[PDB]
Structures are given as C-alpha cells and as structure tokens.
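Structure record follows, encoded as structure tokens.
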Amino acid sequence: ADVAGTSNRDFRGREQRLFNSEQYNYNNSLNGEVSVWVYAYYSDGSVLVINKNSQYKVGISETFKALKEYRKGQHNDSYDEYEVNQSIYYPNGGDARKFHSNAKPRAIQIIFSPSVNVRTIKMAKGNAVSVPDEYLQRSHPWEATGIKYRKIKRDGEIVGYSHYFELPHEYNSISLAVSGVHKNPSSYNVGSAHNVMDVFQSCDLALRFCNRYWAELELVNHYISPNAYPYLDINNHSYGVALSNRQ
Amino acid sequence: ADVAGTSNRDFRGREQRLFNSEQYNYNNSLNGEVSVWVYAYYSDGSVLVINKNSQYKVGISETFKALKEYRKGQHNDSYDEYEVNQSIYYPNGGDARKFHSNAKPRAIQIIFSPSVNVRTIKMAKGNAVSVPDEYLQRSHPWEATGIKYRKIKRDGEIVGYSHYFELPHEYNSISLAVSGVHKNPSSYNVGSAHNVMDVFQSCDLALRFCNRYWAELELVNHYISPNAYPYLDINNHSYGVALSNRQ
Amino acid sequence: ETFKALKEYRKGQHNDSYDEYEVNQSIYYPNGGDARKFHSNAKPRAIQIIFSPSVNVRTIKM
Amino acid sequence: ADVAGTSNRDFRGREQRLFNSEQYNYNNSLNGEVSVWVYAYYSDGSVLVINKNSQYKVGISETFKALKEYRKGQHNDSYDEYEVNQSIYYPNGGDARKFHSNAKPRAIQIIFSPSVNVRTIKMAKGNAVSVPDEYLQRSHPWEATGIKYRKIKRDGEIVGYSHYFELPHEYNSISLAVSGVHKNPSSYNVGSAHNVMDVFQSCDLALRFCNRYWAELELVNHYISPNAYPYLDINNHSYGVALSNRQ
Ligand SMILES: Nc1nc2c(ncn2[C@@H]2O[C@H](COP(=O)(O)OP(=O)(O)OP(=O)(O)O)[C@@H](O)[C@H]2O)c(=O)[nH]1
Ligand SMILES: Nc1nc2c(ncn2[C@@H]2O[C@H](COP(=O)(O)OP(=O)(O)OP(=O)(O)O)[C@@H](O)[C@H]2O)c(=O)[nH]1
Ligand SMILES: Nc1nc2c(ncn2[C@@H]2O[C@H](COP(=O)(O)OP(=O)(O)OP(=O)(O)O)[C@@H](O)[C@H]2O)c(=O)[nH]1
Ligand SMILES: Nc1ncnc2c1ncn2[C@@H]1O[C@H](COP(=O)(O)OP(=O)(O)OP(=O)(O)O)[C@@H](O)[C@H]1O
Ligand SMILES: Nc1ncnc2c1ncn2[C@@H]1O[C@H](COP(=O)(O)OP(=O)(O)OP(=O)(O)O)[C@@H](O)[C@H]1O
Ligand SMILES: Nc1ncnc2c1ncn2[C@@H]1O[C@H](COP(=O)(O)OP(=O)(O)OP(=O)(O)O)[C@@H](O)[C@H]1O
Ligand SMILES: Nc1ccn([C@@H]2O[C@H](COP(=O)(O)OP(=O)(O)OP(=O)(O)O)[C@@H](O)[C@H]2O)c(=O)n1
Ligand SMILES: Nc1ccn([C@@H]2O[C@H](COP(=O)(O)OP(=O)(O)OP(=O)(O)O)[C@@H](O)[C@H]2O)c(=O)n1
Ligand SMILES: Nc1ccn([C@@H]2O[C@H](COP(=O)(O)OP(=O)(O)OP(=O)(O)O)[C@@H](O)[C@H]2O)c(=O)n1
Ligand SMILES: Nc1ccn([C@@H]2O[C@H](COP(=O)(O)OP(=O)(O)OP(=O)(O)O)[C@@H](O)[C@H]2O)c(=O)n1
Ligand SMILES: [Cl-]
Ligand SMILES: [Cl-]
Ligand SMILES: [Cl-]
Ligand SMILES: [Mg+2]
Ligand SMILES: [Mg+2]
Ligand SMILES: [Mg+2]
Ligand SMILES: [Mg+2]
C-alpha cells in the first residue's frame, strides 16, 4: 500500500475528513438539530445552564423565579426568597431580610448552535412579572436580536453564536424566552402542510437539559467540552470543534 | 314487549352495543383524544406514570433527572442525588456516596391509545445530557420506533400499543421524549391552514397527569383499570376494555 | 445472620428505619406490616460465600 | 377404586398420616432441630421474641440491656435509658428522670420445642450486671429448671415446653441465658469424638430470629401460628399442631 500522508490513496485520511464534514453538514440539513443554551451566572460563581435540542426550531422560556439560583439539597432561604420575589414583582411588596438576593442572575449568555439561522432569532426579555415591554398593551412579544450575536469561531469555522448581556444593576430583574429557527436555505417550508405535523411532533420531541454547575471552569470541562458544544468564557476565549473539511 | 335476548327488538341490547361502538369510533375520529403514557419502573417496585391526553397529536419529554424516583414527603438523599447526577452527566464528575442510584429507572414502558397511528410514533431516547445520538452534530432528533410496538389486545380488539425496554445496565442513563399522531385516514390534513390554529390550541389544551404509584398491582388497580386504559404487566398480561360492536 | 442483619444499613445516613421495621413485618408474614414500599432496596440481591483454601470443601454446610 | 374413608386402601389417608408422623419423628431424630424461644413482655403490650434453632443443642443469652424494649424507628429516650441502666447496675448510680423504665420486661416466657429433653434444660438468670447468684465466687453458672416446665399440649400431644415467670417487682432486673439439649435416647453421644466437630459446626449454623411484635394477639397470629410453633397465652390457652399418628 501507499505510505500514509504522501498520496491521494490515503483512504483513512479521506474517510476521516468526510466523517467530520458529514457531521457539520448533517447538523445543517433539515434532518438535523438546532440547539439553544441559556446560561445564568450567579455571584457565587455557579452557572445554571438550560439547553434545548430540537429539529426545525427551538426555544427556552423561563420565569424570573425559575432563573434564580437553586442549590439542590442545600438551604436556599426558601421563605425569605418568596419574600424577595414579592418585592421584585412590585416595589415594597414583600418582607424580605435582604436588599439584594444573591440568587438573582448577574448575567445571561444565550448561545445557539451553528445550525441556527441568526436572522430568525427572537428574544422576549420581560420584566419580573413576565411582560416584554412595561405593559402588555404596548408590548411587541419579542425583539429580533440576531445582529448582536457574535460568532464563536474555532480554526476559522463558525461553531456557534453568542449574545451576552450582564445584569449588574439592582433593577435588572428579568423573565426570559428565546427562540431560533433551523437554517433552511431551500424553498421547502418545513411548516407548510406537507411537513407541519412533523414540526408539531418536534415540539413534543425537543429534549431539555438543566443543571447548576459550580464554576465556569466546571462548565467548560464537564458540560461544554465533552459534548462538543460551543462556548465563550469570561476572558473571551472561544470553545468548540471545527469540523468542515477538517481531519 | 318481546322477551329480552330472543329477537331483533331488544332495543336495550342494540343501544348498549351502539353506546360501546360509538366510544371506540369517537376516539378514532379527529374529534377524539390521542394519549400517551410513559411508565418508569423503579427497583423498589414503585412506578412513575406520566400521561398526556390531547387532540391531533401528543407527546411527553422528560430530562434524566425528571425520570428519577422522587418520593413526595419523604427523604430523597436530595444532596447526594445532585452529586449522582453530576457523575451521570460526565464520568467521575460528582462526589456521590453510592455507585448506583436506586432512583434511576430500571425500565420504561411507552403505551399509546388505540387512536394513535403507529407509523407516526417517534422517540428521542437521549443520553443523560439530552442528546439523541452521542453528539448533536450527527444526531437525528428521533427514531421512528412503531415497528417495535406490540398490540395490547382484549377479546381480539386492539386496545393500545406498547413498547417496553429495560434499563438494567449501569450505563442505561437516559433522557426521553416520545410523540405520536392521531389516526387520520382522511385527506383532510389537520395541520393544513384551515385547521392549523386548532392544533396550536391543542398544544395548550393537552392535559397532563403524573404520579408515583407504590407497585404495579396498585397501578393496575387504581390507575389503569378505573380509567379503562390499556396496559401490559410484567407477566405479559393485557389489560383494557374491548368496545367495538360489543355489549 | 438474621434476615434483618443482612439488610443494607448505611452508617450515619438515613435508612427509613421506621418503614424498614414495617417492611420486615410484611416479610415475616405476608400482609403483616404497613410499609410504604413494595420492595426494600436494602434486601440483598445476591450472596457470595467464599472460603479460604484451607477449608475442606466436603465439610461445608449452609 | 375403593371409596374414601371406608377401607384399608385409603392410601391418600395413610400417606397423610405418615406425612404428619414423619415430621413429628424427624424433629426428634438426631438429624432434627431443637429450638428455644425467649419472650420478653412489656407493659405497653408489646413482646420481643428471640428464637434460636439448631441441631443437637440450642440456647440464647442476653444482657439486661438487650432484653429492654427497643422501638425500631421511634424515639426510645435513649439518653435517659443509658441513665436508667446506670442506676440498675448500681443503686443510685445514674441520673435518670424516671423511677421505673417501661422498657423493662414485665415477664419472661421460655419455650422449648418438643424435641428438647427437659432434664437437660439449664437457665442462668443473672442480676443486671450478668452475675448468676449475687457474687461470681459463689455462683453456680446455671440452674436446672426442667421440673418447672409445663407441657404445651394439643389433642393430647406434647407440642412444646413452657417456663413462665413474671418480673412484676421493681427489683426484678435480670440478665438471662437458657439452654437445652436435643433428645438423644441412644447411646451414641453426639459430642463424642466421632461427631463432635459437627456439634461445633452446629454452633455456627444455629439460626437466630428476633423481633418486637405489638401485642400478644399479633404474636399468636403472625409469629406462632404461621410457623406451627408452640405457645401459651396469658389466658393459659395452648397453641400448636399435633402431628403424631394424626391426619
Ligand atoms: N436605566 C434603567 N433601566 C431600567 C429601569 N428599570 C428597568 N430597566 C430596564 O433596564 C434595561 C437596560 O438594562 P441595562 O443595560 O443593564 O441598564 P443600563 O442603564 O443600560 O446600564 P449599562 O448597561 O451598565 O450602561 C432597559 O431595557 C430597561 O427596560 C430603571 O429604573 N432604570
Ligand atoms: N453496550 C453499551 N451501550 C452503551 C454504552 N453507553 C451507552 N450505551 C447505550 O446503550 C444502548 C443500548 O442499551 P441496552 O440494550 O440496555 O444494552 P445492550 O448492550 O444491548 O445489552 P442487552 O440489551 O441486555 O442485550 C445503546 O443505544 C448505547 O447507545 C456502553 O458503554 N456500552
Ligand atoms: N425479695 C427480694 N428479691 C430480690 C431482691 N433483689 C433481688 N431479688 C431477686 O428476686 C428473685 C425472686 O423474684 P420474685 O419471685 O419476683 O420476688 P418474690 O419476693 O418471690 O415475689 P413473688 O414472686 O411475687 O412472690 C430472687 O431470686 C432474688 O435473687 C430484693 O431486694 N428482695
Ligand atoms: N451563515 C453561515 N453559516 C455557516 N457558515 C458560514 C455562514 N456564513 C459564512 N460562513 C462560513 O464560515 C467561515 C467564516 O466566514 P465569516 O464571514 O464568519 O468570517 P470572517 O469574514 O473572517 O469574520 P466576520 O464576518 O465575523 O467579520 C467561512 O467558511 C464562511 O464561508
Ligand atoms: N390500525 C388499526 N387500528 C385499529 N384496529 C385495527 C387496525 N388494524 C386492524 N385492526 C383491527 O383489529 C382487530 C385485530 O386485527 P389484527 O391484525 O391486530 O389481529 P391479528 O392478525 O390476530 O394479530 P397480529 O396482526 O398482531 O399478528 C381486527 O378487527 C382488525 O380489523
Ligand atoms: N418425653 C416425651 N416426649 C414426647 N412425648 C412424650 C414424652 N413422654 C410422654 N410422651 C407422650 O406424650 C403423650 C402425653 O403423655 P403425658 O404423660 O404428657 O400426658 P399426661 O399423663 O395426660 O399428662 P401429665 O404427665 O402432664 O400429667 C403420650 O402419647 C405420651 O406417650
Ligand atoms: N423574611 C423572613 C425570612 C425568613 N423567615 C423565617 O426564616 C425561617 C428559616 O429560614 P428560611 O427562609 O426558611 O431558609 P432556610 O430554612 O435556612 O433554608 P431552606 O428553607 O431553603 O431549607 C423560616 O421558618 C421563616 O419563618 C421569616 O420569618 N421572615
Ligand atoms: N455526597 C454527599 C451526600 C450527602 N451529604 C450530606 O448529607 C446530608 C443529608 O443527606 P441528604 O443528601 O441531604 O439526604 P436527606 O437529608 O437524608 O434527604 P432529603 O435531603 O431529600 O430530605 C446533607 O446535609 C449533605 O450535606 C454530603 O455532604 N455529601
Ligand atoms: N410506614 C411508615 C413509614 C414511615 N413513617 C414515618 O416516617 C417518619 C420518618 O421516616 P423514617 O421511616 O423514620 O426514615 P428516616 O427518618 O428518613 O431515616 P432514619 O429514621 O433511618 O434516620 C417516621 O417518623 C415515621 O413515623 C410512618 O409513619 N409510616
Ligand atoms: N436524664 C436525662 C435524660 C435526657 N436528657 C436529655 O434529653 C434529650 C432528648 O431525650 P433523649 O433521652 O435523647 O430521648 P429522645 O431524643 O426523645 O429519643 P431517642 O434519643 O431514643 O431518639 C437528650 O439530648 C438528653 O441530653 C438529659 O439531659 N438528662
Ligand atoms: Cl435536508
Ligand atoms: Cl372526524
Ligand atoms: Cl437419628
Ligand atoms: Mg437533606
Ligand atoms: Mg426554611
Ligand atoms: Mg426516622
Ligand atoms: Mg435523643
């Protein structure tokens, strides 16, 4: 046989490159996943991730309360935190024993898979009582925020998209939903009558994951990296695996 | 009057047969329910059922964590079980005090009502971090598993469909979503423009039920049987009520 | 060892100690107890008996 | 065939009688069990049974403390009861908050199986510090109490032997060991050199049982009766199953 790495008959090499390219491109086919992640960062360094993975479209929607830090199996000031919520829902509405709940997110990062079409991204960033823009009557139910998404790149390939906003002020008390649609460069509408029931089934088949990791280090090591997910850390370092035409 | 059970003028008998046939056939009309049940069996003999009942289509989606046994009002090693989850999400990722959580399901049974079309059944059986097939990039978001569904029969009538798989190995750690579409032998597409908003409303109107029963006996006696639901027990015994052309 | 002594006991952790009294009553006589579980996960799933190579196997009794 | 219950060819009847006679006589063979039960009766009506079943010989030995009522999974005044014990071991030796512990047995019944030889029965009924007769130096380590054992009879057959003594006074604070030897009408000594190691093995093979039942009713119903054990209740009623030459 020919010697490795020296000729056009390195079939092991050709197959390796195809294996990777096939994965990149499968993800972008209409048969592929589109995935969204919401990372809620807490002052103690821990991070709640909520991930949803589905065909065609995908999204996450959380209440103010659901985005607050919850330490499984530990004390959470659960009564005081009911009282905190009452004062967040209406000023001077509760009887809490703290000015600022350290369970409130300090920041949110939203990441989409590279199979999303960024122009389809929509965000409903509501107030603490789940209203998008001050009052329902004048609320558009979303903002199209794709222009703000940065490309997470590795080796020159787009491995994901990130929108990050800090919530560092006392008044940054939010509810949050986000949504993106899978790339579809074709003129086959996946929600036209021929395939619409499959999109309805995709709503039932969407897989959800949620967990609080103790530190960004741990998220990078045990959540992002093992699963070949895209990420951007606090030091603006990009994580992910470039696959297209790559060995 | 004619004597009962002796002539074609037993109207009480005719009405009884129609009453039953009407129910079988109503369920199969597009006005009818389609229902799915996920049974998660635990080593202590208890069983979590999640049921969803809706028009047109129906499905259930649960995280790894949500399928774990939770004993309401009793101790659940809640801190250790956070640690268990960390080691299930990534090997050697947690600091638990047990090798195997007895809260992990030992088996799953998926049952559909007889109004499902088995060829529409789709399952997303993911890993513990809610990925269908090892990595998102190469994951088809579902498998069409209808061929594996057994018919639950009573008196010769199909009263439901069952797919059962055990999770007896240490590595059987799953997330799970399943979906089926209601029978529609017509060429009226329920999700075409004339009726699509009704299917969107059906997503909001789907009724959910979940509860942990202490034993299969108790599930059969107090969940399955009172509600005329189909079931298949560990001894391969079929439960349900035959209705078509029956008194 | 008794039935009870072979059951799992987690030193320094919770063991459903009251419910497990009730489990034992139903194991000693069917329908004899008032437990909140069908199967106690504290029951052994298997037993291995090992002897040293200095045993005479023909003397083994169980 | 001959008609049942009318002739000497009722083989079903002959076999039934042999089946029963074989059990009575097997128990009395040297291959058979000898069994002892100690019942400790508490003021709340509950009863601790300790049973031991072995070949050749059998016995039970318990400390003062081990004979005290212990309610599994409930509160037992465990600290105060340490203090009670200190005052029982030496007068005015402890700092308890009660004059009389209701955990002290009110009575003891000792029962042997009908395979015991009553003349071999020996009892060490010690004081609270496990001394048989006031001081070790002058203590015989047992008393041969067989003469006091009453026969528990059913249908004229000896189904067991009972010695019962109440402990109704404040000073009845005891330690207790009892022992009996299996019938051996032969001149083959089971502890002579030919079989002595088998008796040593019988010491390891003796099976023990202990449990606190809530009432004498419950002991009769769920302990004594299901297992064909002999008993004598507070109303002097005999329980057991006659087997010799019986259908
Ligand atoms: N400035 C301000 N914003 C409020 C207040 N209450 C709610 N908000 C919301 O805060 C959102 C903007 O959040 P931020 O960007 O963290 O506040 P900012 O004033 O821009 O401060 P910087 O981002 O740090 O420059 C707006 O969309 C408002 O709807 C308030 O009392 N003052
Ligand atoms: N065999 C194996 N399967 C794994 C492992 N990790 C995850 N799995 C998943 O296990 C799934 C199959 O589960 P099982 O059917 O219970 O395993 P099995 O090897 O077929 O064992 P049996 O079903 O009892 O014959 C596969 O789809 C794998 O994706 C692993 O380390 N070994
Ligand atoms: N009488 C008496 N017996 C004691 C005392 N201390 C220990 N004992 C033991 O109590 C045992 C006898 O118990 P009982 O039969 O309940 O006492 P009793 O005086 O015979 O009273 P009755 O049996 O009700 O007639 C004796 O063997 C003594 O060793 C004590 O202070 N007085
Ligand atoms: N919508 C898209 N989805 C996936 N890949 C894309 C998309 N658009 C361009 N690419 C490819 O991704 C790689 C990077 O292109 P891109 O335009 O992001 O890089 P750039 O010009 O260096 O940076 P930027 O546009 O962010 O300033 C190229 O191979 C490009 O063909
Ligand atoms: N998709 C269906 N939905 C409901 N009923 C059906 C369907 N297909 C067939 N039936 C009816 O159900 C009854 C049983 O038919 P079926 O083919 O399941 O039984 P079978 O041939 O004895 O068993 P099997 O096909 O499982 O080997 C018949 O009345 C049949 O007409
Ligand atoms: N040591 C023994 N073991 C077993 N059975 C015996 C023993 N001695 C006698 N028996 C038998 O038990 C039955 C009852 O005999 P037993 O002498 O106990 O009754 P009794 O004379 O009516 O009453 P008691 O001797 O208690 O005043 C008879 O069949 C007798 O042969
Ligand atoms: N504004 C507040 C806050 C707390 N408490 C009291 O604080 C007690 C315990 O604190 P809690 O808020 O419940 O937190 P933890 O018990 O410490 O932690 P967790 O409840 O999450 O286990 C509660 O009984 C509650 O009555 C109160 O009276 N008023
Ligand atoms: N790997 C572990 C597991 C448990 N614990 C400690 O175990 C204590 C109590 O056990 P827990 O896991 O919380 O279970 P339970 O309290 O018995 O039951 P539950 O919390 O569900 O009421 C907790 O305070 C926790 O700190 C720990 O330190 N490390
Ligand atoms: N069949 C049962 C089982 C439990 N309980 C109640 O459950 C409470 C606490 O559960 P327990 O069985 O005692 O287990 P744990 O306290 O969680 O753990 P452990 O007692 O071993 O520390 C007890 O007070 C008991 O009264 C009950 O009433 N009936
Ligand atoms: N003579 C005594 C008796 C009891 N106590 C105190 O009583 C408290 C609780 O009573 P306890 O004797 O321990 O019984 P319970 O806790 O009610 O039941 P248990 O310990 O068996 O669970 C203990 O902390 C112990 O310090 C004491 O100081 N002095
Ligand atoms: Cl495609
Ligand atoms: Cl219809
Ligand atoms: Cl013999
Ligand atoms: Mg706890
Ligand atoms: Mg609290
Ligand atoms: Mg307890
Ligand atoms: Mg105590």
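Here the Cβ is made from the backbone with ideal geometry for all residues, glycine too, and neighbour counts use every protein chain on show. Each value in this text was obtained by applying a stated rule to the coordinates, not by laboratory testing.
When you look at the Cβ of every residue in B:122-130, what mean number of other chain Cβ atoms sits within 10 Å?
Across the residues of B:122-130, the mean count of other-chain Cβ atoms within 10 Å is 5.
Relative contact order for the stretch B:1-146: what is it in percent, counting Cα pairs under 8 Å that are at least 6 residues apart?
Numbers: 184 pairs, mean separation 33.0, N = 146.
Answer for the stretch B:1-146 is 23 percent.
Just to verify a number: FRET efficiency for D:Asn76 and A:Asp10, C-beta to C-beta distance, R0 = 60 Å, to 0.05?
Computed FRET efficiency for D:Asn76 and A:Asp10: 0.20.
Hey, what did chain C get for relative contact order, percent, Cα under 8 Å, at least 6 apart?
Reported relative contact order: 31 percent.
What is the set of long-range amide H partners of A:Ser29 at a cut-off below 5 Å, with H atoms built 1.01 Å from backbone N?
Those lying under 5 Å, H to H, from A:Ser29: there are none.
Between D:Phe165 and B:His169, what is the spin-label point distance in nm, taking each point 7 Å from the Cα along the Cα→C-beta axis?
For D:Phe165 paired with B:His169, the spin-label model returns 6.5 nm.
Between A:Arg138 and B:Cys203, what FRET efficiency comes out of the Förster formula 1/(1 + (r/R0)^6) with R0 = 35 Å and r the beta carbon distance, rounded to 0.05? Please report the intermediate quantities before stating the final value.
Details: r = 27 Å, r/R0 = 0.77.
Once rounded, the FRET efficiency stands at 0.85.
For chain A, with a Gaussian network of springs between Cα atoms less than 10 Å apart, report the residue from A:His182, A:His100, A:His75 with the top mean-square fluctuation.
Most flexible of the set in this elastic network: A:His75.
Between the alpha-carbon centers of the stretch D:140-167 and the stretch B:87-134, tell me the distance in whole angstrom.
The distance from the Cα centre of the stretch D:140-167 to that of the stretch B:87-134 comes to 62 Å.
At A:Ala215 and B:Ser187, where each label point lies 7 Å from the Cα along Cα→Cβ, what is the point-to-point distance in nanometres?
In this crude spin-label approximation the distance works out to 6.6 nm.
Relative contact order (percent) for chain A, with alpha-carbon contacts under 8 angstrom and 6 or more residues of separation?
Worked out over chain A, it gives 28 percent.
Where the centroid of each part is defined by its Cα atoms, how far is the stretch D:15-48 from the stretch B:208-247 in Å?
That distance is 44 Å.
Fully extended, how many nm does the chain gain between A:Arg97 and A:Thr145 (0.36 nm per residue separation, minus their Cα-Cα distance)?
Value of the extension gain: 13.6 nm.
Within 10 Å, at most 14 other Cβ atoms, and a DSSP state outside H, G, I, E, B define an exposed site. Report the longest part of chain B free of exposed chymotrypsin sites (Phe, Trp or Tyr not before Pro).
So the longest stretch without any such site is B:100-170.
What is the mean number of Cβ atoms from other protein chains located within 10 Å of the Cβ atom of each residue in peptide B:212-223, rounded to a whole number?
If you average over the peptide's residues, the count of other-chain Cβ atoms is 1.
What is the fewest-to-most order of A:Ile88, D:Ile50 by other Cβ atoms lying within 10 Å of their Cβ?
With the fewest neighbours first, A:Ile88, D:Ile50 line up as D:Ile50, A:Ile88.
What distance in nm separates the two pseudo spin-label positions at D:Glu22 and D:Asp155, each 7 Å out from Cα along the beta-carbon direction?
1.8 nm
Principal axis lengths of the protein assembly as shown from Cα atoms, whole Å, largest first?
103, 85, 77
Please list, in chain and number order, the residues 5+ apart from B:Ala124 or on another chain whose amide H is under 5 Å from its amide H, with Hs placed from the backbone.
B:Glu143, B:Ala177, B:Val178
Whole-Hz Karplus ³J(HN,Hα) for the stretch D:42-54, in order, using 6.51 cos²θ - 1.76 cosθ + 1.60 and θ = phi - 60°, x for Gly and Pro?
10, 4, 6, x, 6, 9, 8, 10, 10, 10, 10, 10, 8
Test of understanding: express the Cα radius of gyration of chain B as a ratio to 2.2 N^0.38 Å, with N the residue count. Provide the component values of the computation, followed by the final result.
Working: Rg = 21.0 Å, N = 247, 2.2 N^0.38 = 17.9 Å.
Normalised by 2.2 N^0.38 Å, the Cα Rg of chain B equals 1.18.
So which of A:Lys125/A:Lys183; B:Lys72/D:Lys65; B:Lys72/B:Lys151; C:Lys43/D:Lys153; B:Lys68/C:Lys11; A:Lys68/A:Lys148 end up more than 29 Å apart, counting from Cα to Cα? Walk me through the intermediate numbers first.
Numbers: A:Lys125/A:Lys183 23 Å; B:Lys72/D:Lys65 37 Å; B:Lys72/B:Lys151 34 Å; C:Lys43/D:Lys153 38 Å; B:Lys68/C:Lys11 24 Å; A:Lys68/A:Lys148 25 Å.
Violating the 29 Å Cα-Cα cut-off are B:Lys72/D:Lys65; B:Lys72/B:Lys151; C:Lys43/D:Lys153.
Which whole number gives the average count of other chain Cβ atoms within 10 Å of the Cβ atoms across peptide C:32-42?
5
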